[PDB]
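Heads up: the structure comes next, in C-alpha coordinates.
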Amino acid sequence: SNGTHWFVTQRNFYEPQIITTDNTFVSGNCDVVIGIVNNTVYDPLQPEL
Amino acid sequence: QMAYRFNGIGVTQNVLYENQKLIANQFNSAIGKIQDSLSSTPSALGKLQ
(Lines give C-alpha, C1' and ligand atoms only; values in the text may rest on other atoms or scores of the structure.)
Protein backbone atom coordinates (compact mmCIF):
# COMPACT_ATOMS: atom_id res chain seq x y z
CA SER A 1 0.00 0.00 0.00
CA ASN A 2 1.16 3.50 -0.89
CA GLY A 3 -0.93 4.94 1.91
CA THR A 4 -3.91 5.46 -0.40
CA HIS A 5 -3.82 2.69 -3.02
CA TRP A 6 -3.01 -1.01 -3.18
CA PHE A 7 -0.65 -2.75 -5.60
CA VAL A 8 1.15 -6.07 -6.02
CA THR A 9 4.88 -6.44 -6.61
CA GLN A 10 7.64 -9.01 -6.67
CA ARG A 11 9.50 -9.56 -3.43
CA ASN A 12 13.10 -8.61 -4.30
CA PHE A 13 12.43 -5.48 -6.36
CA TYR A 14 9.84 -2.72 -6.20
CA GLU A 15 7.57 -2.71 -9.25
CA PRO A 16 3.93 -1.94 -8.40
CA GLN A 17 1.12 -3.22 -10.59
CA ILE A 18 -2.67 -3.20 -10.55
CA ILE A 19 -4.35 -6.06 -8.69
CA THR A 20 -6.23 -8.02 -11.35
CA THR A 21 -7.66 -11.50 -11.73
CA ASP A 22 -4.61 -12.55 -13.77
CA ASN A 23 -2.15 -12.26 -10.87
CA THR A 24 -4.25 -13.53 -7.95
CA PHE A 25 -6.19 -16.63 -7.02
CA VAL A 26 -9.32 -17.15 -4.95
CA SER A 27 -9.89 -19.45 -1.98
CA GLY A 28 -12.86 -19.21 0.36
CA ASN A 29 -14.65 -16.48 2.27
CA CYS A 30 -13.07 -13.35 3.72
CA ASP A 31 -13.70 -14.23 7.36
CA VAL A 32 -11.19 -16.98 8.23
CA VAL A 33 -8.04 -14.99 7.47
CA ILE A 34 -6.70 -12.67 10.17
CA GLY A 35 -5.86 -9.24 8.78
CA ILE A 36 -7.80 -9.24 5.50
CA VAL A 37 -8.65 -5.91 3.84
CA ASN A 38 -11.16 -4.69 1.26
CA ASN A 39 -10.20 -3.38 -2.17
CA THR A 40 -11.17 -3.69 -5.81
CA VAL A 41 -9.86 -6.53 -7.98
CA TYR A 42 -9.97 -5.52 -11.63
CA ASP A 43 -11.30 -7.91 -14.26
CA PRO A 44 -9.86 -7.31 -17.76
CA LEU A 45 -12.69 -9.05 -19.63
CA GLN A 46 -15.63 -6.92 -18.49
CA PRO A 47 -14.55 -3.50 -19.90
CA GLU A 48 -14.49 -4.94 -23.41
CA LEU A 49 -18.02 -6.28 -23.05
CA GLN B 1 7.42 -15.16 6.54
CA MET B 2 5.99 -18.54 7.50
CA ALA B 3 3.76 -18.43 4.40
CA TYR B 4 6.86 -17.83 2.29
CA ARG B 5 8.49 -20.85 3.88
CA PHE B 6 5.39 -22.95 3.18
CA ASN B 7 5.69 -21.97 -0.48
CA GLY B 8 9.31 -23.07 -0.26
CA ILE B 9 8.35 -26.74 0.22
CA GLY B 10 5.55 -26.88 -2.35
CA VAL B 11 2.41 -26.03 -0.34
CA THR B 12 0.26 -23.04 -1.26
CA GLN B 13 0.08 -20.18 1.19
CA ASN B 14 -3.66 -20.22 1.92
CA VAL B 15 -3.08 -23.40 3.95
CA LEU B 16 -1.09 -21.50 6.57
CA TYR B 17 -3.55 -18.61 6.76
CA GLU B 18 -6.47 -20.99 7.19
CA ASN B 19 -4.66 -23.11 9.82
CA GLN B 20 -2.64 -20.45 11.66
CA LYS B 21 -3.93 -21.19 15.17
CA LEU B 22 -3.47 -24.95 14.83
CA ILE B 23 0.07 -24.49 13.52
CA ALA B 24 1.03 -22.11 16.33
CA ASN B 25 -0.35 -24.51 18.94
CA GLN B 26 1.61 -27.43 17.49
CA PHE B 27 4.82 -25.41 17.44
CA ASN B 28 4.38 -24.33 21.05
CA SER B 29 3.77 -27.89 22.21
CA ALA B 30 6.88 -29.20 20.45
CA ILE B 31 9.03 -26.47 21.98
CA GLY B 32 7.57 -27.33 25.37
CA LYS B 33 8.53 -30.98 24.94
CA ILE B 34 12.15 -30.23 23.99
CA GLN B 35 12.89 -29.17 27.58
CA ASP B 36 11.88 -32.54 29.02
CA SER B 37 13.51 -34.45 26.16
CA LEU B 38 16.88 -33.00 27.13
CA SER B 39 16.35 -32.90 30.89
CA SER B 40 15.05 -36.41 31.58
CA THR B 41 17.55 -38.27 29.42
CA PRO B 42 21.03 -37.91 30.96
CA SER B 43 22.98 -39.36 28.02
CA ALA B 44 21.88 -36.77 25.45
CA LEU B 45 25.08 -34.70 25.66
CA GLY B 46 27.66 -37.48 25.51
CA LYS B 47 29.42 -35.92 22.53
CA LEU B 48 30.32 -32.78 24.46
CA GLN B 49 31.36 -34.71 27.58
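Numbering starts fresh at 1 for the residues of each chain in the C-alpha coordinates, the chains themselves are lettered A, B, ... in the order given, and ligands are numbered from 1 as they appear.
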If you take only C-alpha atoms and a cut-off of 10 Å, which residues of region 6-48 of chain A touch region 9-31 of chain B, and what are their nearest atom pairs and distances in Å to one decimal, in chain and number order, as a tab-separated table?
residue	atom	partner	partner_atom	distance
A:25	CA	B:14	CA	10.0
A:26	CA	B:14	CA	9.4
A:27	CA	B:14	CA	7.4
A:28	CA	B:14	CA	9.4
A:31	CA	B:18	CA	9.9
A:32	CA	B:18	CA	6.3
A:33	CA	B:17	CA	5.8
A:34	CA	B:17	CA	7.5
A:35	CA	B:17	CA	9.9
Expected file: the selected residues, N, CA, C and O atoms, as an mmCIF file, in the first residue's frame:
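So out.cif came out as:
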data_model
loop_
_atom_site.group_PDB
_atom_site.id
_atom_site.type_symbol
_atom_site.label_atom_id
_atom_site.label_comp_id
_atom_site.auth_asym_id
_atom_site.auth_seq_id
_atom_site.Cartn_x
_atom_site.Cartn_y
_atom_site.Cartn_z
ATOM 1 N N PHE A 25 -5.259 -15.515 -7.024
ATOM 2 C CA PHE A 25 -6.186 -16.635 -7.025
ATOM 3 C C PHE A 25 -7.083 -16.570 -5.796
ATOM 4 O O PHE A 25 -6.775 -15.909 -4.801
ATOM 5 N N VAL A 26 -8.212 -17.266 -5.894
ATOM 6 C CA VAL A 26 -9.318 -17.145 -4.953
ATOM 7 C C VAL A 26 -9.428 -18.425 -4.142
ATOM 8 O O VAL A 26 -9.279 -19.527 -4.682
ATOM 9 N N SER A 27 -9.691 -18.283 -2.841
ATOM 10 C CA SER A 27 -9.886 -19.448 -1.982
ATOM 11 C C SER A 27 -10.717 -19.038 -0.767
ATOM 12 O O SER A 27 -10.176 -18.495 0.199
ATOM 13 N N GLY A 28 -12.016 -19.322 -0.814
ATOM 14 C CA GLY A 28 -12.862 -19.215 0.359
ATOM 15 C C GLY A 28 -13.414 -17.827 0.634
ATOM 16 O O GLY A 28 -13.308 -16.893 -0.164
ATOM 17 N N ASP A 31 -13.528 -14.280 5.906
ATOM 18 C CA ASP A 31 -13.701 -14.234 7.356
ATOM 19 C C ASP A 31 -12.752 -15.135 8.129
ATOM 20 O O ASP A 31 -12.590 -14.925 9.335
ATOM 21 N N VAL A 32 -12.136 -16.139 7.506
ATOM 22 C CA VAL A 32 -11.190 -16.985 8.226
ATOM 23 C C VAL A 32 -9.865 -16.267 8.439
ATOM 24 O O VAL A 32 -9.281 -16.331 9.525
ATOM 25 N N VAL A 33 -9.368 -15.581 7.411
ATOM 26 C CA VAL A 33 -8.036 -14.995 7.470
ATOM 27 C C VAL A 33 -8.015 -13.852 8.475
ATOM 28 O O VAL A 33 -8.986 -13.097 8.610
ATOM 29 N N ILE A 34 -6.902 -13.725 9.190
ATOM 30 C CA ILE A 34 -6.703 -12.668 10.173
ATOM 31 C C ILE A 34 -5.906 -11.552 9.516
ATOM 32 O O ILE A 34 -4.739 -11.741 9.158
ATOM 33 N N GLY A 35 -6.521 -10.382 9.376
ATOM 34 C CA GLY A 35 -5.864 -9.240 8.776
ATOM 35 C C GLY A 35 -6.268 -8.916 7.357
ATOM 36 O O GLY A 35 -5.571 -8.139 6.697
#
List as a PDB file with N, CA and C atoms, in the first residue's frame the protein and nucleic acid residues near residue 40 (chain A), meaning an atom at most 12 Å away when only C-alpha atoms are counted, but skip any in the same chain fewer than 2 places from it.
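To be explicit, this is the file written out as part-v4.pdb:
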ATOM      1  N   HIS A   5      -3.469   3.691  -2.020  1.00  0.00           N
ATOM      2  CA  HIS A   5      -3.822   2.692  -3.016  1.00  0.00           C
ATOM      3  C   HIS A   5      -3.065   1.401  -2.758  1.00  0.00           C
ATOM      4  N   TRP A   6      -3.574   0.320  -3.341  1.00  0.00           N
ATOM      5  CA  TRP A   6      -3.006  -1.007  -3.177  1.00  0.00           C
ATOM      6  C   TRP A   6      -2.458  -1.514  -4.502  1.00  0.00           C
ATOM      7  N   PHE A   7      -1.314  -2.194  -4.436  1.00  0.00           N
ATOM      8  CA  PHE A   7      -0.648  -2.753  -5.601  1.00  0.00           C
ATOM      9  C   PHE A   7      -0.097  -4.120  -5.236  1.00  0.00           C
ATOM     10  N   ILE A  18      -1.266  -3.172 -10.939  1.00  0.00           N
ATOM     11  CA  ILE A  18      -2.667  -3.197 -10.547  1.00  0.00           C
ATOM     12  C   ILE A  18      -3.082  -4.618 -10.201  1.00  0.00           C
ATOM     13  N   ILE A  19      -3.857  -4.755  -9.130  1.00  0.00           N
ATOM     14  CA  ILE A  19      -4.352  -6.056  -8.695  1.00  0.00           C
ATOM     15  C   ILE A  19      -5.477  -6.471  -9.633  1.00  0.00           C
ATOM     16  N   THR A  20      -5.234  -7.498 -10.433  1.00  0.00           N
ATOM     17  CA  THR A  20      -6.233  -8.021 -11.349  1.00  0.00           C
ATOM     18  C   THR A  20      -6.461  -9.499 -11.073  1.00  0.00           C
ATOM     19  N   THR A  21      -7.382 -10.075 -11.841  1.00  0.00           N
ATOM     20  CA  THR A  21      -7.661 -11.499 -11.734  1.00  0.00           C
ATOM     21  C   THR A  21      -6.494 -12.336 -12.247  1.00  0.00           C
ATOM     22  N   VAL A  37      -8.205  -7.267   4.135  1.00  0.00           N
ATOM     23  CA  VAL A  37      -8.646  -5.910   3.835  1.00  0.00           C
ATOM     24  C   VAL A  37      -9.515  -5.919   2.584  1.00  0.00           C
ATOM     25  N   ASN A  38     -10.298  -4.852   2.420  1.00  0.00           N
ATOM     26  CA  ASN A  38     -11.162  -4.690   1.259  1.00  0.00           C
ATOM     27  C   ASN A  38     -10.490  -3.813   0.217  1.00  0.00           C
ATOM     28  N   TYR A  42      -9.546  -5.878 -10.286  1.00  0.00           N
ATOM     29  CA  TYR A  42      -9.973  -5.521 -11.629  1.00  0.00           C
ATOM     30  C   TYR A  42     -10.052  -6.750 -12.522  1.00  0.00           C
ATOM     31  N   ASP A  43     -11.099  -6.805 -13.339  1.00  0.00           N
ATOM     32  CA  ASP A  43     -11.304  -7.912 -14.264  1.00  0.00           C
ATOM     33  C   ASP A  43     -11.138  -7.421 -15.694  1.00  0.00           C
TER      34      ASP A  43
END
DSSP-assigned alpha helix (DSSP H) among chain B, expressed as a PDB file with N, CA and C atoms, in the first residue's frame:
ATOM      1  N   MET B   2       6.318 -17.127   7.468  1.00  0.00           N
ATOM      2  CA  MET B   2       5.986 -18.544   7.498  1.00  0.00           C
ATOM      3  C   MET B   2       5.256 -18.977   6.234  1.00  0.00           C
ATOM      4  N   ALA B   3       4.416 -18.107   5.672  1.00  0.00           N
ATOM      5  CA  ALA B   3       3.764 -18.431   4.405  1.00  0.00           C
ATOM      6  C   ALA B   3       4.773 -18.545   3.269  1.00  0.00           C
ATOM      7  N   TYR B   4       5.781 -17.671   3.255  1.00  0.00           N
ATOM      8  CA  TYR B   4       6.865 -17.825   2.287  1.00  0.00           C
ATOM      9  C   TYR B   4       7.532 -19.183   2.435  1.00  0.00           C
ATOM     10  N   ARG B   5       7.823 -19.576   3.672  1.00  0.00           N
ATOM     11  CA  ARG B   5       8.489 -20.853   3.877  1.00  0.00           C
ATOM     12  C   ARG B   5       7.605 -22.033   3.512  1.00  0.00           C
ATOM     13  N   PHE B   6       6.288 -21.904   3.661  1.00  0.00           N
ATOM     14  CA  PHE B   6       5.395 -22.949   3.176  1.00  0.00           C
ATOM     15  C   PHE B   6       5.445 -23.053   1.660  1.00  0.00           C
ATOM     16  N   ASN B   7       5.477 -21.914   0.964  1.00  0.00           N
ATOM     17  CA  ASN B   7       5.689 -21.965  -0.481  1.00  0.00           C
ATOM     18  C   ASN B   7       7.008 -22.630  -0.831  1.00  0.00           C
ATOM     19  N   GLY B   8       8.004 -22.510   0.045  1.00  0.00           N
ATOM     20  CA  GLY B   8       9.306 -23.074  -0.260  1.00  0.00           C
ATOM     21  C   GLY B   8       9.329 -24.585  -0.372  1.00  0.00           C
ATOM     22  N   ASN B  14      -2.382 -20.315   1.227  1.00  0.00           N
ATOM     23  CA  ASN B  14      -3.658 -20.217   1.925  1.00  0.00           C
ATOM     24  C   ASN B  14      -3.800 -21.280   3.005  1.00  0.00           C
ATOM     25  N   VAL B  15      -3.025 -22.362   2.921  1.00  0.00           N
ATOM     26  CA  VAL B  15      -3.075 -23.396   3.946  1.00  0.00           C
ATOM     27  C   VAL B  15      -2.652 -22.831   5.294  1.00  0.00           C
ATOM     28  N   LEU B  16      -1.560 -22.069   5.315  1.00  0.00           N
ATOM     29  CA  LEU B  16      -1.089 -21.496   6.567  1.00  0.00           C
ATOM     30  C   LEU B  16      -2.094 -20.498   7.124  1.00  0.00           C
ATOM     31  N   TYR B  17      -2.636 -19.637   6.265  1.00  0.00           N
ATOM     32  CA  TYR B  17      -3.546 -18.615   6.759  1.00  0.00           C
ATOM     33  C   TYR B  17      -4.835 -19.222   7.277  1.00  0.00           C
ATOM     34  N   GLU B  18      -5.265 -20.337   6.700  1.00  0.00           N
ATOM     35  CA  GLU B  18      -6.465 -20.990   7.189  1.00  0.00           C
ATOM     36  C   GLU B  18      -6.203 -21.946   8.346  1.00  0.00           C
ATOM     37  N   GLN B  20      -3.638 -21.157  10.858  1.00  0.00           N
ATOM     38  CA  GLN B  20      -2.642 -20.448  11.656  1.00  0.00           C
ATOM     39  C   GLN B  20      -2.673 -20.843  13.131  1.00  0.00           C
ATOM     40  N   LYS B  21      -3.857 -20.885  13.741  1.00  0.00           N
ATOM     41  CA  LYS B  21      -3.928 -21.193  15.167  1.00  0.00           C
ATOM     42  C   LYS B  21      -3.461 -22.611  15.457  1.00  0.00           C
ATOM     43  N   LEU B  22      -3.892 -23.569  14.638  1.00  0.00           N
ATOM     44  CA  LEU B  22      -3.465 -24.946  14.825  1.00  0.00           C
ATOM     45  C   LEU B  22      -1.953 -25.068  14.707  1.00  0.00           C
ATOM     46  N   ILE B  23      -1.368 -24.394  13.718  1.00  0.00           N
ATOM     47  CA  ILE B  23       0.073 -24.489  13.518  1.00  0.00           C
ATOM     48  C   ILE B  23       0.822 -23.886  14.698  1.00  0.00           C
ATOM     49  N   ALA B  24       0.360 -22.736  15.192  1.00  0.00           N
ATOM     50  CA  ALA B  24       1.027 -22.113  16.329  1.00  0.00           C
ATOM     51  C   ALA B  24       0.944 -22.997  17.566  1.00  0.00           C
ATOM     52  N   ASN B  25      -0.211 -23.628  17.790  1.00  0.00           N
ATOM     53  CA  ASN B  25      -0.348 -24.515  18.940  1.00  0.00           C
ATOM     54  C   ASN B  25       0.605 -25.698  18.842  1.00  0.00           C
ATOM     55  N   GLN B  26       0.709 -26.299  17.654  1.00  0.00           N
ATOM     56  CA  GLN B  26       1.609 -27.434  17.488  1.00  0.00           C
ATOM     57  C   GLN B  26       3.052 -27.032  17.747  1.00  0.00           C
ATOM     58  N   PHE B  27       3.456 -25.872  17.226  1.00  0.00           N
ATOM     59  CA  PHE B  27       4.822 -25.412  17.436  1.00  0.00           C
ATOM     60  C   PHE B  27       5.107 -25.201  18.916  1.00  0.00           C
ATOM     61  N   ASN B  28       4.167 -24.580  19.630  1.00  0.00           N
ATOM     62  CA  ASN B  28       4.378 -24.326  21.049  1.00  0.00           C
ATOM     63  C   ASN B  28       4.504 -25.627  21.828  1.00  0.00           C
ATOM     64  N   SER B  29       3.680 -26.623  21.496  1.00  0.00           N
ATOM     65  CA  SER B  29       3.771 -27.894  22.208  1.00  0.00           C
ATOM     66  C   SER B  29       5.111 -28.581  21.964  1.00  0.00           C
ATOM     67  N   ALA B  30       5.599 -28.562  20.721  1.00  0.00           N
ATOM     68  CA  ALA B  30       6.885 -29.204  20.449  1.00  0.00           C
ATOM     69  C   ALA B  30       8.021 -28.514  21.198  1.00  0.00           C
ATOM     70  N   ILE B  31       8.007 -27.181  21.221  1.00  0.00           N
ATOM     71  CA  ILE B  31       9.031 -26.468  21.975  1.00  0.00           C
ATOM     72  C   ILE B  31       8.936 -26.814  23.454  1.00  0.00           C
ATOM     73  N   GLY B  32       7.716 -26.939  23.977  1.00  0.00           N
ATOM     74  CA  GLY B  32       7.566 -27.332  25.365  1.00  0.00           C
ATOM     75  C   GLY B  32       8.125 -28.708  25.660  1.00  0.00           C
ATOM     76  N   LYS B  33       8.022 -29.630  24.704  1.00  0.00           N
ATOM     77  CA  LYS B  33       8.529 -30.980  24.941  1.00  0.00           C
ATOM     78  C   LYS B  33      10.043 -31.094  24.814  1.00  0.00           C
ATOM     79  N   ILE B  34      10.692 -30.164  24.110  1.00  0.00           N
ATOM     80  CA  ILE B  34      12.151 -30.231  23.988  1.00  0.00           C
ATOM     81  C   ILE B  34      12.821 -30.181  25.360  1.00  0.00           C
ATOM     82  N   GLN B  35      12.310 -29.327  26.251  1.00  0.00           N
ATOM     83  CA  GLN B  35      12.886 -29.171  27.583  1.00  0.00           C
ATOM     84  C   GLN B  35      12.995 -30.509  28.297  1.00  0.00           C
ATOM     85  N   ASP B  36      11.884 -31.243  28.359  1.00  0.00           N
ATOM     86  CA  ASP B  36      11.881 -32.541  29.017  1.00  0.00           C
ATOM     87  C   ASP B  36      12.742 -33.543  28.266  1.00  0.00           C
ATOM     88  N   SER B  37      12.713 -33.503  26.930  1.00  0.00           N
ATOM     89  CA  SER B  37      13.511 -34.451  26.159  1.00  0.00           C
ATOM     90  C   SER B  37      14.983 -34.353  26.531  1.00  0.00           C
ATOM     91  N   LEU B  38      15.497 -33.131  26.675  1.00  0.00           N
ATOM     92  CA  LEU B  38      16.881 -32.997  27.131  1.00  0.00           C
ATOM     93  C   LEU B  38      17.029 -33.332  28.611  1.00  0.00           C
ATOM     94  N   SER B  39      16.124 -32.833  29.456  1.00  0.00           N
ATOM     95  CA  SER B  39      16.354 -32.901  30.895  1.00  0.00           C
ATOM     96  C   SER B  39      16.290 -34.334  31.409  1.00  0.00           C
ATOM     97  N   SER B  40      15.241 -35.072  31.036  1.00  0.00           N
ATOM     98  CA  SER B  40      15.047 -36.411  31.580  1.00  0.00           C
ATOM     99  C   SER B  40      16.179 -37.344  31.168  1.00  0.00           C
TER     100      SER B  40
END
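Atom pair CA of residue 11 (chain A) / CA of residue 36 (chain A) has a distance of 19.5 Å (rounded to one decimal).
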Just to confirm, what's the straight-line distance from CA of residue 3 (chain A) to CA of residue 45 (chain A) in Å (one decimal)?
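Straight-line distance from CA of residue 3 (chain A) to CA of residue 45 (chain A) works out to 28.2 Å.
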CA of residue 12 (chain A) to CA of residue 1 (chain B): how many Å, to one decimal?
13.9 Å
Find the spatial neighbours of residue 2 (chain A), counting only C-alpha atoms, within a cut-off of 12 Å - ignore same-chain residues fewer than 5 positions away - and output them as an NGL selection string.
:A and (7-8 or 14 or 16-17)
Let me make sure I understand: among A:29, A:1, A:9, A:23, which one has the smallest atom-to-atom distance to chain B if we use only C-alpha atoms?
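When distances to chain B are compared using only C-alpha atoms, the smallest one comes from A:29.
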